[PDB]
Structures are given as C-alpha cells and as structure tokens.
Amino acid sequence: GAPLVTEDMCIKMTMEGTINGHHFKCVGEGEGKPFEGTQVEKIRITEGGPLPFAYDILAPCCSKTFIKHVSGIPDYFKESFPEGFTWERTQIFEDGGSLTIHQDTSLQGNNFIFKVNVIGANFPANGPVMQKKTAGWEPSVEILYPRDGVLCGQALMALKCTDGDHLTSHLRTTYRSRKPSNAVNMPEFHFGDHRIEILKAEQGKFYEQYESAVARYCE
C-alpha cells in the first residue's frame, strides 16, 4: 500500500531519564531528508536544567529513519512502517560510565514520533562527562547484522575532550521492527556511518543537533 516515508519529514521527540541520580527531561523538534540521510533537530531542556552532565551523551540518544541506504541494502527502519520500531541500547564508556536506552519510533502523518527513556550510571565524578569537558563526537561506524529475527548493531564512539584526549565507548543495540517477521526484508551484514555535529549550545538549555548517516558495505 501507500508509501509512508517522504522526501521531507519532521521529528517530534520526548526524552526523560536519570544520569548519576539527576532527573531530566527534554523535547525536540526537527526535520530532515530520510533518503538523503540528513537531519537537524532543536532540543530544549524542559526539566532538570541546566544539566549537571555534558549534553554530548544525550546526542546519540536523540534516529534511524534518516539513513541513506546505498548498494541495495534494505532499509529495516523505513520499511517498518506504519508499525514502526523500537530499539534498546547499552553504551559502556571506558572510564566506568554506562548508558542504557529504550526508544520508541512511531509515525504520525508527516512526523516521526520519538519516545526515549535513559538511565545513566557510574559516570566518574571528575570525568569529562560530569565535569562537562567534552567537545563533540568523532564520526562513528556501526556494524549492522541480523540475529534471531531482528537487527543488531554494535559501534565504537569517540567523545572528544577539552584536554585533547578521546573518551571511547562501546555500544550494543538491538533494533526491533514491529513488522511481521515473514514480511521483513532483513538486510545482510553492513556498515553505518554516523556523523553528529552539535551546531549550537545555549545556556545549557538549547541545543541544535545535526546528523548525516549512510548505510553501506566496505568501500
């Protein structure tokens, strides 16, 4: 039936959770080109601001429908609608900090609706995250592979620090399409290039966030 993902679509996000005991909430509105793999989002901290932790760790928590797929690789996420999908992720930082995320992605007309829950634990008191000594993400590469009827992903991310060092993390994600399994055109092993740029940061409250993404094979 009708194709539900358009050249131009918008984003509505609500995210709440707890990082090292600190409760917070934020809302996001954005837009992008799903098939060109580009998107931009404006995030407003609505509760718990100003954040006592670096916003940068929220960034990869704030969008798998906006990925350009090349080489005929099936789009597990775009093809999931109208049902949509959820995903679960644990991100383990090398200094002990850890993030676990549950996300819900649904489609409402021209708007992707994102619902995000986040719990963070054991971020070191004098680490770059809790001290806010971070300076954005390096581009990262995710490996995507099928397992037991759903799509799994793992990636390494490198958080830039204001002392010059990188703070790395390991991500494990399971993506769950709500589509009938037999109706799933599951992709094969492939890569996902993600580049996140925080265009603006204001008053520890307002953040403009840009991402370009591509699903591809090696070279």
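One-based numbering along the sequence shown.
- The entry shows a gap from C62 to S63, with 1 to 3 unmodelled residues of the deposited sequence in between.
- Comparing the deposited coordinates for 132 to 140 and 78 to 86, the stretch with the larger average C-alpha B-factor is 78 to 86.
- With 173 to 181 and 34 to 42 compared on mean CA B-factor from the PDB entry, the stretch scoring higher is 173 to 181.
- The PDB entry assigns the greatest CA B-factor among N110, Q91, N122, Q103 to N110.
- Which of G153, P187, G48, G28 has the largest Cα B-factor in the deposited entry comes down to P187.
- Per the PDB record, residue ranking by Cα B-factor puts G149 in the highest third of the chain.
- Among the modelled residues of its chain, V118 has a C-alpha B-factor that falls in the lowest third, as given in the PDB entry.
- In the PDB entry, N126 places in the middle third of its chain by CA B-factor.
- Sorting the modelled residues of the chain by their CA temperature factor places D193 in the middle third.
- Among the modelled residues of its chain, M13 has a C-alpha B-factor that falls in the middle third according to the deposited record.
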